[PDB]
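Residue numbers (the deposited numbering), protein chains in the order written: chain E, 19 to 422; chain C, 19 to 422; chain D, 19 to 422; chain Q, 5 to 34; chain N, 6 to 35; chain O, 5 to 33.
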Amino acid sequence: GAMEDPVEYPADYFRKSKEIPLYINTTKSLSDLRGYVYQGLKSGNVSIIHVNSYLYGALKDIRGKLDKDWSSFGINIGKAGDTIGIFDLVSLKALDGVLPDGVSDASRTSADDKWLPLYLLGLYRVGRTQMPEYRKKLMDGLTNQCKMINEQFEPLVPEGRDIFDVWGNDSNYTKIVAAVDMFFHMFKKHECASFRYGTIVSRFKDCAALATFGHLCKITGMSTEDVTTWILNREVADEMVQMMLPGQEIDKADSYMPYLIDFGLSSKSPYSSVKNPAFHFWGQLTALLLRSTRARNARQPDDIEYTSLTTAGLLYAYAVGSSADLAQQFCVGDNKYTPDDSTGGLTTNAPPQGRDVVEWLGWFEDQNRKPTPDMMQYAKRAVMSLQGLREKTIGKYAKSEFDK
Amino acid sequence: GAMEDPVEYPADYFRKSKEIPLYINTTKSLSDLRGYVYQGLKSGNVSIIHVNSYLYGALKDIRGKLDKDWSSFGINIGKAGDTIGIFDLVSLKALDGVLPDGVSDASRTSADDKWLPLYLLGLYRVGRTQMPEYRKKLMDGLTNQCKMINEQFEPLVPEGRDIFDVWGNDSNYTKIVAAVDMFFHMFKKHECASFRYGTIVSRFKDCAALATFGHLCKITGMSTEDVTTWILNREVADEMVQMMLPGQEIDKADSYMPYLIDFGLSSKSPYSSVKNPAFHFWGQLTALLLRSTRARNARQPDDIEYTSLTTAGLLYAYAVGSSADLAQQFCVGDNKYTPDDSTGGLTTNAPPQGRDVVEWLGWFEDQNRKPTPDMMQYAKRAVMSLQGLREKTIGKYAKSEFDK
Amino acid sequence: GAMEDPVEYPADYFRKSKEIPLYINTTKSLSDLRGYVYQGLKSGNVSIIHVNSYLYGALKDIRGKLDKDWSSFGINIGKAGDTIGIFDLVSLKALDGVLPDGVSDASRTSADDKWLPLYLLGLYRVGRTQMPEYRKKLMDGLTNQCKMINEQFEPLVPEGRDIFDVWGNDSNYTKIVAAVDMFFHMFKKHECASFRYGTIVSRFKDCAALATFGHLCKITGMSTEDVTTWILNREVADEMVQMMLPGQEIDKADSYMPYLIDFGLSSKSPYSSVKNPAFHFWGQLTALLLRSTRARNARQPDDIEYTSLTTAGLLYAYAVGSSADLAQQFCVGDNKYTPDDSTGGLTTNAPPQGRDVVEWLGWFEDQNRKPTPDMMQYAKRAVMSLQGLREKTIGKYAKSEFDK
Amino acid sequence: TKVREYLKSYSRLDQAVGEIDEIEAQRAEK
Amino acid sequence: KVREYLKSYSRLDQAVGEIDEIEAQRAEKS
Amino acid sequence: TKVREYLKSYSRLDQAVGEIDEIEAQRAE
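See below:
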C-alpha cells in the first residue's frame with residue numbers, strides 16, 4: 019500500500035514481540051473500584067482507567083480447563099489439561115496514579131460483579147453502532163442480559179451516551195474485550211460465556227473482505243477454490259493474494275488473528291474492505307445480483323474500475339443464475355436420473371450448462387464480449403423492486419446501472 | 019456444525035445422565051409461597067425463585083394412572099399401570115439464598131391454587147411474542163381460561179408486563195413447563211389439562227424445519243418419502259440427513275424428544291430453521307407457490323443458494339400444480355372410469371402426467387434447464403394478489419422474484 | 019500563463035532561498051500564552067500572533083528519530099540517525115510588541131498542552147469548509163479527537179466561529195500547519211500523529227489536476243502513461259506537459275512540494291484545476307461516464323473548448339466501457355483459457371477489441387468522426403439516474419448534454 | 005449430484021411431522 | 006494464468022462462512 | 005504529434021497520483 023496503507027500482518031507482530039502488554043493501572047481494591055464504576059456510570063461520567071482496573075479485578079477467574087493444547091503464532095498459552103484465566107492471553111501491569119470520581123459505598127461485593135462486567139463490556143458493542151434506532155435494539159438486549167442475572171437490572175448510564183462511545187479508542191479496554199471473547203470462544207459452555215454479548219464484535223473486526231469472500235461462497239454455493247477461478251480482473255486477483263498469504267492462521271478458530279485490530283497486532287488490516295476495494299465491490303455486486311438481502315447496503319468503494327468489475331460480476335452472476343445445477347439426491351430404488359442428453363445447445367449461441375469459468379469465457383467471446391440482451395435482463399430483473407436504497411451503496415449503484 | 023453451532027441430539031444427553039435435574043427452591047410452605055406469588059404478580063415484581071417454588075408445591079398432583087409402559091431414551095418413567103405425578107419426569111431439589119418480597123395472607127389456601135398455576139404457566143406463551151397486538155390476544159385467552167375455573171378472576175400483573183419475559187431464560191422454570199406439558203399430553207382427559215394453554219409452545223420448540231417438512235407434505239399431499247425424492251439440492255439433502263438421524267424418537271408422540279430445549283437436552287437443535295436454512299427456504303417457498311397462507315410470513319434465511327433453491331422449488335411446485343392426479347373415488351356400480359386411454363401427449367414440450375421426479379428432471383433437461391414462460395407464469399399468478407408482506411420474509415422474496 | 023497566471027514551480031523557489039522563514043513573534047513564555055489562547059477561544063476573539071506563538075511553544079517535541087536521510091530540493095533536513103523537530107523543516111523568529119486580551123490562570127501547564135495544539139491546528143480544516151452541514155461533522159470529529167487525548171473537552175469557541183476562518187490567510191499559521199503535516203507524515207507512528215486531523219488538507223493543496231490525473235487512472239484501470247496516450251486535445255496536452263515538468267519531486271512522498279501553497283513556495287500552483295481547466299474538465303467528464311461517485315460534483319471550468327473535450331471524453335469512456343478486458347486469473351492446473359479470439363467482428367463498424375488509442379482513432383475516422391448512436395446511448399444511460407445535480411458542475415453539464 | 009437412498013427408520017414419520025406443524029401454526033403471530 | 010494453491014488453509018471454506026455470520030450481526034438497520 | 009511519451013523523472017508517478025486523489029477525496033462535502 020506504498021504509504022500509510024502498508025498492510026501489517028498478524029504473524030509479523032509475533033516476530034518482534036512474544037507478549038501482548040495490558041497496561042492495567044493503579045490496581046487498588048475491587049470494592050473501591052466497584053463504587054467508582056457503579057456511581058460513575060449512574061452519574062454520567064466515569065474514567066476509563068477505573069473501568070479497566072475494575073474489569074481486570076472482576077474477571078480474574080482462573081476458570082475453564084483445556085482438554086486440548088492452546089497455541090497461536092508460536093505463543094503457547096496452555097498445554098494439555100491446564101487451567102487458565104482470561105488474562106493468560108495477555109501480560110503486564112503499569113501503575114500511574116489515578117484521579118477522583120463519584121463513589122457509592124452502598125455497592126455490593128455479591129450483587130454486583132456477576133452482571134456489571136457484562137454491562138461494561140456490552141457498552142462496547144452499543145457504542146460502535148451509530149444509527150439511533152438500532153442502538154436501542156442492542157441496549158435492550160443488554161438490559162435483558164443483565165436482567166437475566168437478577169436484580170431487575172435497570173440501565174445505569176443516562177441518555178448522555180457520550181461516555182462509552184469513546185471507550186473503543188482506549189488501547190487497554192479493547193484488549194480486555196479481545197481477551198474475554200477469545201477466552202469464552204475456547205470455553206463456550208462456561209458459566210460466564212454470556213459476557214460475550216458485547217465482545218463478539220471484536221472478533222474478525224475490520225475483516226470485511228474475508229466476510230465478503232464467505233458471503234459470496236454461500237450465495238453461489240461454490241468452494242473457495244471455485245470462486246477464485248471466477249476472478250476475471252487483475253486488481254481483484256492481486257487483492258486475493260494479499261488476503262491469502264500463508265502463515266496467518268485465518269482458518270484457525272482458536273487463534274489471535276481475529277482480534278488483530280483490538281489486540282494491536284495490526285495497524286492496517288490486510289482483510290479490511292478498504293484495503294480490498296476491488297474484491298469487495300465485485301464480490302458484493304455479484305452476491306446482490308444473486309438475491310442477497312444484505313449486499314444492498316454494502317459500501318460502494320472509491321477509486322476502482324466500476325465498469326470493468328461490473329461486467330465480470332454480471333457474467334459470474336449470470337452463470338450461477340442460468341445454471342441452477344439440479345440433480346437427484348434420493349430415489350425410491352432403481353428409478354434414477356442420468357443426464358447428458360444432447361448437452362449441445364443452440365449452435366454457437368447456447369450458454370454453457372456447467373459453471374466452468376473457461377467455457378463461459380469462451381462463450382463470452384462469441385457474444386463479442388458484450389453483455390447479452392438476456393444478461394442485461396437478468397440483472398435488470400434483480401435490481402428492480404429494490405426499495406429504500408441509500409446513496410453510495412452497492413444496491414443504489416446496481417439499480418441505477420441495470421434498471422435503465 | 020464445525021464451530022460453536024454443532025448440533026446436539028436428544029439421545030446423546032441420556033448417554034451421560036439418566037436425570038433431568040430440576041433445582042427446586044428453598045422449602046418455605048405452600049401457603050407462604052402463595053402470598054409471595056399472588057402479591058408479587060399484582061404488585062409488579064416477583065422472584066422466579068418464588069414462582070418456581072410455588073409451581074412445584076401447587077402442581078404436586080400424583081394423579082395419572084398409566085395405561086401403557088412409559089419409556090424414552092432408556093428411561094423408564096413408568097410401567098404396567100402405576101400412578102405418577104408431573105415431577106416423575108424430573109428429579110432433585112436445590113437450596114441457595116432466599117429474598118424478601120411483598121405478600122398477602124388473605125389468599126385462600128385452596129381457591130387460588132386451581133387457577134394460579136395455569137396463569138403463571140400461561141405467561142410463558144405470552145412472553146414469547148413481540149407483537150403487542152397478538153400478545154394481547156394470548157393474554158385475553160389466558161384471562162378467559164382462568165375465568166372458566168374462577169368466575170371472578172381479573173388479570174393480576176399490571177400493564178408493565180416486561181416481568182415474565184425473563185422467565186423463559188430460567189432453566190428451572192422451563193423444566194416445569196416441559197414437565198407439565200409432557201404429563202398432560204399423556205393424560206389428555208385429566209381435570210388439569212387446561213394448564214397446557216401456555217406450556218404447549220415448549221413442545222417442538224426450535225424444531226421449525228420438522229414443521230416445515232410436515233407443512234410441505236400436507237400442502238402437496240405427498241408422503242415424506244415422495245417429498246424427499248423431490249430434493250434437487252445437495253445442501254438441502256445434507257440437512258435432511260441431519261434431521262433424519264436414527265434413534266432420536268422424532269416420530270414418537272410421547273417422548274422427551276419434543277422438549278429438547280426446555281429440558282436442557284440440547285443447546286443447538288438439529289431440527290431448527292437456523293440449522294436447516296436451505297430446506298427451510300426451499301420448503302416454505304414451494305409451499306407458498308402451492309397456496310400456503312402461512313408461508314408468506316416465514317423468515318428468509320441468510321447465506322444460502324437462493325437462485326438454485328428457487329428453481330428447484332418452482333419445478334416442484336409447478337409439477338404438483340400441473341399434476342392434480344384426479345381419479346374416481348366412488349362408483350355407483352359397473353360405471354367406472356379407467357385412465358388407460360391417453361398416457362402420452364404433445365412433443366418434448368408437454369410436461370409429464372404424474373409427479374415422478376425422474377420424469378420431470380428429464381423434461382426439465384429438454385427445456386434447456388431454464389424455466390419456461392408457462393412455468394414462470396404459474397409462479398406469477400401464485401404471488402401477485404399477495405398484499406402486505408414484511409421484509410426478509412419468504413412471501414416478499416417470492417413476489418419480488420416472480421411478479422414481473 | 020501570461021499575466022498574473024505565470025505558474026511558480028516549487029523547485030524554482032529553492033534556487034532563490036535555502037530556508038523557509040517562519041516568523042514566530044514575541045517570547046511571552048508558554049504559561050502566559052496558554053491563558054491568552056484558552057480564554058480567547060472561550061470569549062470568541064483571539065489574536066493569531068498569540069495562537070502562532072503558543073503553537074510553537076507547545077510543539078517543540080524534538081522527538082522522532084530518523085530512519086533514512088531526508089532531503090528535498092537539495093535541502094538536507096537530516097541524515098541517517100538524526101533527531102529532528104517539527105520546526106527543523108523551517109527556520110527563524112522576529113519578536114516585537116503585542117496586544118492584550120482575556121486570560122485564564124486556572125489553565126494547567128501540561129494538561130492543556132496535549133489536546134490544545136490539535137484543536138488549534140484542527141480549526142484550519144474546519145474554517146475552510148463553507149457549507150454548515152459538513153462543518154459540524156468536522157467540528158464534532160475534532161471534538162471526538164480531543165476527547166481521545168481526553169478530559170471530556172468541550173468546544174471552546176462558541177457558535178460565532180469565523181475567528182479561525184481568517185487564520186488560513188496568515189502566512190505563518192499555514193507554515194506551522196505544513197510543518198506539522200510534513201513532520202508526522204515521516205513519523206507515522208508518533209504519539210502526536212493524531213494532530214494530522216486538521217493539517218491533512220494542507221498536503222497537495224490546490225493540486226487538483228494531479229488529483230484529477232490520479233482519479234482517472236483508478237477509474238479506468240489504466241496507467242499514467244496509458245492515460246496520457248488517450249489525450250486527443252492539444253490544450254489538454256499543453257497542460258499535461260506543464261504538470262509533468264522534471265525536477266519537481268511530485269512522486270516524492272517525503273518532499274516540500276506537496277505544500278507549495280502553505281509553505282509559500284508558490285504563488286500560482288502549476289497543478290491547480292484552474293490552471294489545468296481543459297484536463298480537469300475532460301478528465302472528470304470521462305471519469306463520470308465511467309461511474310465515478312465524486313466526478314458529478316466537480317466544478318465546470320470557464321473559457322474552454324467544451325465540444326472538443328466532450329467528444330474526446332466520450333470516445334475514451336466508450337472505449338473503456340465497451341472493452342472491459344476480462345481474462346482468467348486463477349485456474350485448476352491444466353484447464354486454462356487462451357483467447358484464440360479471431361480478433362475480428364462486424365466489418366469496419368465493429369469497435370476495437372482493446373484500448374489502443376490508435377485503433378480507436380482509426381475506427382472513429384471510419385465513423386466519419388461523429389459519435390455513433392451506441393456511443394450516445396452509452397453516455398445517456400450513464401448520466402440518467404444522476405439526481406440532485408448542482409449548477410455549474412461536470413455532473414449537471416453531462417446530464418444536459420446526453421440525457422435526450 | 006450423485007444419488008443415495010434409505011427408508012427412514014421412523015415410519016410413523018408422516019403422522020409426526022403433520023402434528024409438529026399443527027403446533028407450529030399455533031405460535032404464528034398477527 | 007497463475008496456479009491455485011491451498012496456502013496452508015485447509016479449513017478455509019469453513020472459516021469464511023463463520024466470518025460472515027459475525028459480520029451479519031454487526032449490520033445496522035432502521 | 006506534438007511530442008512522444010517520455011517517462012518524466014517521476015518513475016513512481018502511478019503510486020503518487022493515487023495518493024493525491026485519496027487526500028482530495030477527504031475534501032468533498
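We treat Cβ as the ideally placed atom computed from N, Cα and C, and that holds for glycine.
Member of the options whose CA lies at the smallest distance from the CA of residue i
{"i": "Q:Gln30", "options": "C:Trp300, C:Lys417, C:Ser220 and C:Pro369", "result": "C:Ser220"}
{"i": "O:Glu28", "options": "D:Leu250, D:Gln395, D:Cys225 and D:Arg317", "result": "D:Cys225"}
{"i": "N:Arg16", "options": "E:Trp185, E:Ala271 and E:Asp87", "result": "E:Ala271"}
{"i": "residue 7 of chain C", "options": "E:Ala124, E:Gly145 and E:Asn168", "result": "Residue 7 of chain C is absent from the model: chain C starts at 19 and stops at 422."}
{"i": "C:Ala124", "options": "C:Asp50, C:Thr101, C:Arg373 and C:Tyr137", "result": "C:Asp50"}
{"i": "E:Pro24", "options": "E:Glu209, E:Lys286 and E:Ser61", "result": "E:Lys286"}
{"i": "residue 10 of chain D", "options": "E:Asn187, E:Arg179 and E:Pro150", "result": "Past the boundaries of the shown model lies residue 10 of chain D; chain D is included only from 19 to 422, so the question cannot be answered."}
{"i": "C:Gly380", "options": "E:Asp359, E:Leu407 and E:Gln318", "result": "E:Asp359"}
{"i": "O:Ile24", "options": "D:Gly301, D:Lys111, D:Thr230 and D:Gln347", "result": "D:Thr230"}
{"i": "D:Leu136", "options": "D:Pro173, D:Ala313, D:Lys236 and D:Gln347", "result": "D:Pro173"}
{"i": "E:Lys193", "options": "E:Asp85, E:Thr246, E:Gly232 and E:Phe281", "result": "E:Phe281"}
Assigned exposure category for residue i - 16 Cβ within 10 Å defines buried
{"i": "O:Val7", "result": "exposed"}
{"i": "D:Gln148", "result": "exposed"}
{"i": "C:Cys349", "result": "exposed"}
{"i": "E:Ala76", "result": "buried"}
{"i": "E:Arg387", "result": "buried"}
{"i": "D:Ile412", "result": "buried"}
{"i": "E:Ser310", "result": "buried"}
{"i": "C:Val375", "result": "buried"}
{"i": "N:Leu11", "result": "exposed"}
{"i": "C:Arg214", "result": "buried"}
{"i": "E:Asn94", "result": "exposed"}
{"i": "C:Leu364", "result": "exposed"}
First and last residue of the uninterrupted alpha helix (DSSP H) at residue i
{"i": "C:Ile412", "result": "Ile412 to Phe420"}
{"i": "C:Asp384", "result": "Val375 to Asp384"}
{"i": "Q:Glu26", "result": "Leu17 to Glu28"}
{"i": "E:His208", "result": "It is not in any alpha helix (DSSP H) - E:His208 carries neither H nor E in the DSSP assignment."}
{"i": "C:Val69", "result": "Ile66 to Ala76"}
{"i": "D:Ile322", "result": "Element bounds for D:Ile322: n/a, residue is neither H nor E."}
Extent of the continuous beta strand (DSSP E) to which residue i belongs
{"i": "C:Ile95", "result": "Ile93 to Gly96"}
{"i": "E:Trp88", "result": "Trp88 to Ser90"}
CB-CB length for residue i against residue j, believed under 8 Å
{"i": "C:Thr44", "j": "C:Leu113", "result": "5 Å"}
{"i": "E:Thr304", "j": "E:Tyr277", "result": "At roughly 29 Å, the Cβ-Cβ gap does not stay under 8 Å, so E:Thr304 and E:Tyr277 are not in contact."}
{"i": "D:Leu344", "j": "E:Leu250", "result": "4 Å"}
{"i": "D:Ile181", "j": "D:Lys223", "result": "Actually they do not touch by this definition, with Cβ atoms about 22 Å apart."}
{"i": "E:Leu73", "j": "E:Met200", "result": "That belief does not hold up - the Cβ atoms of E:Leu73 and E:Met200 are roughly 15 Å apart, past 8 Å."}
{"i": "C:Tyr191", "j": "C:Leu110", "result": "Not a contact, Cβ separation roughly 15 Å."}
{"i": "E:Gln371", "j": "E:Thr356", "result": "With a Cβ gap of about 15 Å, E:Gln371 and E:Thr356 do not count as contacting."}
{"i": "C:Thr217", "j": "C:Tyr142", "result": "7 Å"}
Bridge partner(s) assigned by DSSP for residue i
{"i": "E:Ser109", "result": "E:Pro39"}
{"i": "D:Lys83", "result": "D:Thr101"}
{"i": "D:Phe222", "result": "Answer is none; D:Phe222 lacks a bridge partner."}
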